[PDB]
Amino acid sequence: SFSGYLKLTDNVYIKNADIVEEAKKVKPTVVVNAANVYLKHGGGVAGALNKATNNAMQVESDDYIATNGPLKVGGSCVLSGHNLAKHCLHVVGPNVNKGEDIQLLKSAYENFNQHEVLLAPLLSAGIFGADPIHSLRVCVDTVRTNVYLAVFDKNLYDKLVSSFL
Ligand SMILES: CCNc1ccc(C#N)cn1
């Protein structure tokens, strides 16, 4: 189904790809969003996925927050995948740039175990400020379901693969 991924472990795969383009092509059952507790999809993966939905993700997310309140750091919710996937699993990894606890990254990845297969970014990486090498390590040590990681940055992808233990 997913093409061109490098197998890291029994269940973790990685590719240098734009997660928006991966989602449009594959139309996976689940695309993971690098969400914040307010589901305000301003930038990074969230801003990019929301822009690909023509803001439908943000409109749906605002209604979800109006009804349910904010998510917890380390938590998630399942919403529509719009034109990108059947569902979007909005997962909140800790944002180290907001001083959040990096220990919550394992809790964030545990949300992936509720889905047999997912297309996902590295949680807390990019604008969330965590070390992406550490994120990949927590991913491989926490996620047991099939996760296809899309890493937008080629230089970061090369660093992640070449340093993977
Ligand atoms: C070009 C649109 N796609 C993407 C994918 C990932 C990120 C990040 N971070 C930003 N844009």
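Residues numbered from 1 in each chain as written, not as in the entry; some residues may be left out. Heavy atoms only, no water.

For the protein, the PDB entry supplies the name Non-structural protein 3 and the organism Severe acute respiratory syndrome coronavirus 2.

**Student:** Just checking my understanding: could you explain helix α3 (residues 56-68) for this structure?
**Tutor:** One turn of an α-helix holds 3.6 residues; hence residues three or four places apart share an orientation. Its 13 residues give α3 an end-to-end C-alpha distance of 18 Å, which sits within 8% of 18 Å, the value for a rise of 1.5 Å per residue. Within α3, burial applies to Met57, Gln58, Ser61, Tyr64 and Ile65. Projection of α3 onto a plane perpendicular to its axis shows the buried side chains occupying an angular sector of 120°, all on one side. Projecting away from the buried face of α3 at angles above 90 degrees are the exposed residues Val59, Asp63, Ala66 and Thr67. Check the buried side of α3 and you find it contacts β3 (30-35), α2 (44-52), β4 (76-80) and β5 (87-92). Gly69 lies just past α3 and shows a positive phi near 80°. (Helix = DSSP H or I, 4+ residues; strand = E, 2+ residues; numbered from the N terminus. Expected span 1.5 Å × (residues − 1). Buried < 20%, exposed > 50% of the residue type's maximum accessible area, 1.4 Å probe, protein only. Arc of directions from axis to C-beta. Contact = heavy atoms within 4.5 Å.)

**Student:** Please explain the pairing of strand β6 (residues 117-120) as it appears in this structure.
**Tutor:** Sheet analysis places β6 next to strand β7 (residues 146-151), joined by four bridges and oriented parallel. Residue pairing in the sheet places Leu119 in a bridge with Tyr148 of β7. For the handedness criterion, the β-α-β arrangement of β6, helix α5 (residues 132-142) and β7 is classed as right-handed. (Pairing = 2+ DSSP bridges. Right-handed = clockwise from strand over helix to strand, strands pointing away.)

**Student:** How do you make sense of the site of the ligand when you look at a structure like this?
**Tutor:** Residues in close proximity to the ligand include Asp18, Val20, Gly44, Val45, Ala48 and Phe152, which together make up its full environment. In the environment of the ligand, a nitrogen atom lies 2.7 Å from a nitrogen or oxygen atom belonging to the side chain of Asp18. Broken down by element, the shell around the ligand gets its largest block of residues, three residues, from α2. Split by residue class, the shell around the ligand holds four nonpolar, one polar and one charged. (Near = heavy atom within 4 Å. Polar contact = N/O pair within 3.5 Å; in protein donor to acceptor, adjacent residues only side chain to side chain. Nonpolar A, V, L, I, M, F, W, Y, C, P; charged D, E, K, R; others polar.)

**Student:** Help me out: how do you make sense of the nonpolar core in this one?
**Tutor:** Considering soluble globular proteins, one finds that nonpolar side chains tend to be buried as a cluster. In terms of nonpolar packing, the biggest core is built from 26 residues, with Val32, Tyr109, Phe112 and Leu149 touching the most fellow members. Sort the elements by how many residues they give to this core and α5 lands first, with four residues. Counting 16 residues, the second largest nonpolar core, distinct from the first, contains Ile19, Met57, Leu84 and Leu119. (Core = buried A, V, L, I, M, F, W, Y, C linked by side-chain atoms within 4.5 Å.)

**Student:** Teacher, can you tell me more about the packing of helix α1 (residues 19-26) against α2 here?
**Tutor:** A pair of packed helices is characterised by two quantities: the angle between their axes and the separation of those axes. Where α1 meets α2, the axes come as close as 9 Å, and the angle between the chain directions of the two elements is 40°. Accordingly, the angle class assigned to the pair α1 and α2 is oblique. Note on packing geometry: the crossing formed by α1 with α2 is right-handed. In this structure, α1 uses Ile19, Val20 and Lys24 to contact α2, whose residues at the interface are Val45, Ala48, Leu49 and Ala52. Partitioned by chemical class, the residues of the contact of α1 with α2 number six nonpolar, no polar and one charged. (Axes fitted to C-alpha atoms, helices over the stretch in contact; angles between N-to-C directions. Parallel < 35°, antiparallel > 145°, perpendicular 65-115°, else oblique. Left-handed = near helix turned anticlockwise from the far one by under 90°.)

**Student:** Sorry if this is basic, but what is going on with the pairing of β4 here?
**Tutor:** Regular strands place side chains that alternate from one sheet face to the opposite one. Relative to β5, β4 runs antiparallel, the two sharing five bridges. Note on β5: the bridge partner recorded for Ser80 is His87. The turn joining β4 and β5, which pair antiparallel and follow one another in sequence, is formed by six residues; a positive phi near 55° is taken by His82.

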